[PDB]
Ligand SMILES: Cc1cc2nc3c(=O)[nH]c(=O)nc-3n(C[C@H](O)[C@H](O)[C@H](O)COP(=O)(O)O)c2cc1C
Ligand SMILES: CCn1cc(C2CC2)c2c(CN3CCC4(CCC4)CC3)n(C)nc2c1=O
Ligand SMILES: O=c1cc(C(O)O)[nH]c(=O)[nH]1
C-alpha cells in the first residue's frame, strides 16, 4: 500500500541472515531517530477502536516493551501505524546489561532468545526524551490521541523494589498514560521477581499511592499537571511471567482483585522452551511464535480466575490477524507485537490490522470489543 515499506522489507532478509540481532535493533532505532521510516496515516476502523476502561485506544495493536527501551524512537514507531507503545523496561539508574552477544534469532521457527538484562540509560534521561516527545506531540497531528505507556522495573543490584518504582513514578509519572510493572523478566539473576501474592499486593498499593500523591501536592489544574494524552492520572498494569504454577496464578488473581489493578499484561518470555536447536547453548528467555499458545492459555486462565473483571493485554507470538483474534476470543482487550516486527519489518501493523478487520467481519461480529472472550 506504500512504496516505502517495501525497501526495508527487501533489506530485511539480508539483515536477518547476516547481521547480529542487536545490531539490527540499533540500526532500526537510528533510522527512526532521524525520521526516515515509513508511515501509515490511514484512518482506522471505528469498529476496531478498543478501550481499557477509560483509556481509549484508536486500534488494538501496540509495540511491546523492550523495543524502544530508551524512548529515542517513539514518534517514528508510532507513525508506522500503532495505537500505542510501551517503552522500557526502564530502571532508575542506567545499566549496560549482560555481556554481548545477547540476542539470537532462529528464522525457521520465527523465534528469538534474549539475555539483555535491562540495558537502558536510566530514568532521568528517558524522562527527558519522553518530555521532548510530548512537546513534539503537541505540534504533530500524526501523534494526536496516541498513547505512551512506560514499563518500569528494578536495577539488578537494588535491595528493595518499591524504592526504584517510586523514584520512576516521581520523575516520569506525570508524562505517562499507563505504567507497566515488570515482575516477569527472565534476565535478572533473582529468578524472575517477587510475583508472590504478599509482595505483589504491597508493590501495587505503593505504586497507586505514589500516583495519587503526585496529584495531591500541586496547585495547577489536572490538565496542566498531566502532560500526557489523557490529561488524567496514569493507569496501572502488571506484566506477568509464563513460568508459574496454578496456585501462584490463582493467588495473584486474588491479589489483583483486592488491589483494584487496572490491567494485567500476560505475559513475558519463558525460559522453559528446550526444542530450539540453535538456542540450546544460549541463555535467556525465548520470544515469538513458540510463546503464542502458552500465552493464550494463560489468558484464558486469568480471565477466568479473575471472573472476567480484570482487562487483559496480550503479548506473545502475535504475528497474524488470526493470532490477535485468538487472544481476543481468549479474553484479551489489546495486543502487543515485537518478534513480528523483527521478521516482517515495516509492514507489521498495516498487515495485521487489515487481516483482523477482514476476519472480524467474517465471523459476524459488529465490533471487536464484543469479541473479548467470545469463544
Ligand atoms: C530483546 C528483547 C528485549 C525485551 N525487553 C523487555 C523489557 O525490557 N521489558 C519487558 O517487559 N519485556 C521485554 N521483552 C519481552 C517482550 O516485551 C514480549 O513480552 C515478548 O518478547 C513476547 O513478544 P513476541 O512473542 O511478539 O516477540 C523483551 C523481549 C526481547 C526479545
Ligand atoms: C531482537 C533484536 N532485533 C531487532 C530488530 C529490529 C527491531 C526491528 C531486528 C531485525 C529487523 N530490523 C529492522 C530494520 C532493518 C534495518 C534496515 C531493515 C533490518 C533489521 N532483524 C532482521 N533482526 C532483528 C533483531 O534481532
Ligand atoms: O522482561 C524481559 C526483560 C528482558 C531484558 O531486557 O533482558 N528480556 C526479556 O526477554 N524479558
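One is the number of the first residue shown, and numbering goes on along the chain from there.
For this deposited structure, the header notes the method as X-ray crystallography, 3.3 Å.
Including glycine, each Cβ sits where the backbone N, Cα and C put it.
Annotated in Swiss-Prot:
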ACT_SITE  185  active site, nucleophile
BINDING   65-69, 89, 182, 239, 287-288, 315-317, 338-339  FMN binding site
BINDING   69, 114, 115, 116, 117, 118, 182, 187, 268, 269  substrate binding site
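Only 182, in sequence order, out of the binding-site residues 67, 115, 117, 182 have a CB under 6 Å from ligand 1.
Distance between Cα atoms for residue 65 (FMN binding site) and residue 117 (substrate binding site): 13 Å, as a whole number. Cβ proximity to the substrate site centre (mean Cβ of 69, 114, 115, 116, 117, 118, 182, 187, 268, 269, cutoff 8 Å) flags the following additional same-chain residues: 66, 89, 97, 185, 186, 188, 284, 285. Straight-line distance linking the Cα atoms of residue 182 (FMN binding site) and residue 268 (substrate binding site), rounded to a whole number, equals 9 Å. Looking only at the recorded positions 115, 117, 185, 268, the one with its C-alpha closest to residue 339 (FMN binding site) is 268. The two recorded residues residue 67 (FMN binding site) and residue 268 (substrate binding site) have their Cα atoms spaced 13 Å from each other. With a cut-off of 6 Å between Cβ and the nearest atom of ligand 3, the binding-site residues 65, 67, 268 reduce to 268. Taking Cβ-Cβ distances under 8 Å and a sequence separation of 6 or more, the neighbours of residue 115 (substrate binding site) in its chain are 98, 102, 103, 187, 282, 283, 284, 285.
Listed in sequence order, 87, 88, 89, 90, 119, 120 are the same-chain residues at least 6 apart in sequence whose CB falls under 8 Å from the CB of residue 69 (FMN binding site).
In sequence order, 268 are the recorded positions from 117, 185, 268 with a C-alpha within 10 Å of the C-alpha of residue 287 (FMN binding site). Classification of residue 315 (FMN binding site) by DSSP places it within a strand.
Put simply, the two farthest-apart Cα atoms among 69, 114, 115, 116, 117, 118, 182, 187, 268, 269, the recorded binders of substrate, are 16 Å from each other.
Of 117, 185, 268, all annotated as recorded positions, the residue with the shortest Cα distance to residue 317 (FMN binding site) is 268. Cβ-based neighbour count (10 Å, all protein chains) for residue 65 (FMN binding site) stands at 27. For the pair residue 268 (substrate binding site) and the residue listed as 'active site, nucleophile', the Cα-Cα distance reads 7 Å.
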